[PDB]
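Coming up is one lone chain in structure tokens, specifically the form deposited in one PDB entry.
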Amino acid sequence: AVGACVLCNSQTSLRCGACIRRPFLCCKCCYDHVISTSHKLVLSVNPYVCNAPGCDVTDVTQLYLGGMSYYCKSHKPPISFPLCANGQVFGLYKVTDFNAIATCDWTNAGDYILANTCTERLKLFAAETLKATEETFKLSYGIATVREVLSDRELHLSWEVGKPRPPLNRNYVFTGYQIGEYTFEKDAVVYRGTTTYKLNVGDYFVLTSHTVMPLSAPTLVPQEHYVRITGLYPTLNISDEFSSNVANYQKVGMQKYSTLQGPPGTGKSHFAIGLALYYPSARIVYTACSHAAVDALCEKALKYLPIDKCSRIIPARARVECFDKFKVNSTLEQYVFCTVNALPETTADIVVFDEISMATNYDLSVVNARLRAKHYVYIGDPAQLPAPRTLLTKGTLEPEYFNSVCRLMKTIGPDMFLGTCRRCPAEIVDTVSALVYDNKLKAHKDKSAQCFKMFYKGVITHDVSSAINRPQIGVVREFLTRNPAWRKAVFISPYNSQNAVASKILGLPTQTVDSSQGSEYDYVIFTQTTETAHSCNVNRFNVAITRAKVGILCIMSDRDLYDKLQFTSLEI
């Protein structure tokens, strides 16, 4: 019960019992919280509740100190002191933003704005509160039970009445019962068990509600700037491949932390791996939120770094298949590749946190708590997709509010910027450079003359809420017949249901914009499907068109984004 105030650090025994995270609040700050919010339960060794038998007064403003015990206005002794007076709550050792973080439901964008513009301790409080809210929200959904099993990849489900049904996409990883984690896709539904098991009729599923641990470390450690490269030993025989980043690698050694904004295909993973060749003695821990981001870093390290000093840390509860070419779970290796949730408690000369737009402040804090490093490097792009905020339904979350690192990149600018896109044909580079990069992204490739756009609204149907546009898939079918080189294209859309239809009608491999992030393909066929806030999101649009190395076909619903595409227009 001895603690330190979340708003002022002043020691106290007072905790708000009405806050989902029960934060320590000092006398002057506990008062400002209880008098301005619906939160009236104050905790200590003993709660501030009426000691009179059978009395239910728990409100601190309606309670008093009668000797050593607490009583309400109806039960207090003549010699008693109100717990709330002179702007203070009685306690040992004797805010507008804190109130809003403590009481909000996390369904509005303004809640996330606040959680990123507040003080550093309030950023951790917001992160802890939000994650706890997100996990209690998992209980609200209805249990799905296996009703029948057709084959090895298709089944039929029975849902719990009264309780709502969670949206069916690979974004919601279920838990089958402990018969392995399971994922679902849309009566013909597809069952995807992470662990191969004979799908039993009657076995129930439940969403993975994990316990939210407290945050101790800040999202960002305080910045230090040095006059010399500190604790890192460079080479003067740095391969000409990585010569373009020599000045930026030196900046990495002359600051506690550095931010790198890398638009698509500008060399983020080449920069990350080249940092190891530049400081060849440095123990580097490469971390990211997803297994895919960590695997993409493993793939680049396999080409440049010695395999015997690399280790891929895999959690014992192995969910999806990941990188198999490094020695598994050897924490002591010079190069450690591991997701944020699987990180061991260790130190490093450098920590590289990749795909920073996908990090939450909870992840930023966990990294600082599990890894003590001389230097931290944050690589990503605030013009790319952020982590899904399952509770956010109202308002659009801007890139400066994704996390602390993204807030810095959007406000003061990134420390390092990779300005040349080597992946995409110039049509794509020019479009996104003007859309999200203030005309600072340059094309390495020439125009491919294989970038097409078609303005075709089609017909929007819905699979619950996930959208389908069969006419847009029909336009793609007609195009494929005339453009056989496009037979090898990846179909991309902002919807799983659109992708499921396109996969059957076109036979092209399919990918949502969100799951395509970090991947590249020679040819991409994109159907916008609808003109909603989701499908018009400039960050999602940016990720969608920048997957293409050679050609892109964009079947558009929105006139604005269609007019911004610097592509050859097609008729029909």
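Take the two forms, find the largest set of C-alpha atoms that superpose within 1.5 Å, and that set is the rigid core. Note that residue numbering begins at 1 and tracks the sequence as displayed.
The same protein also has a form deposited in another entry, omitted here; what follows describes it.
Colleague: Taking the rigid core as reference, which of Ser151, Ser140, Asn439, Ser243 is displaced at the C-alpha by at least 2 Å between this form and the one not shown?
Modeller: Among the listed residues, the outlier is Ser151.
Colleague: When you overlay the rigid core, is the Cα of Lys76 off by 2 Å or more between this form and the one not shown?
Modeller: Result for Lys76: yes, a 2 Å-plus shift.
Colleague: Would you say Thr194 moves between this form and the one not shown, meaning its CA shifts by 2 Å or more once the core is fitted?
Modeller: Yes.
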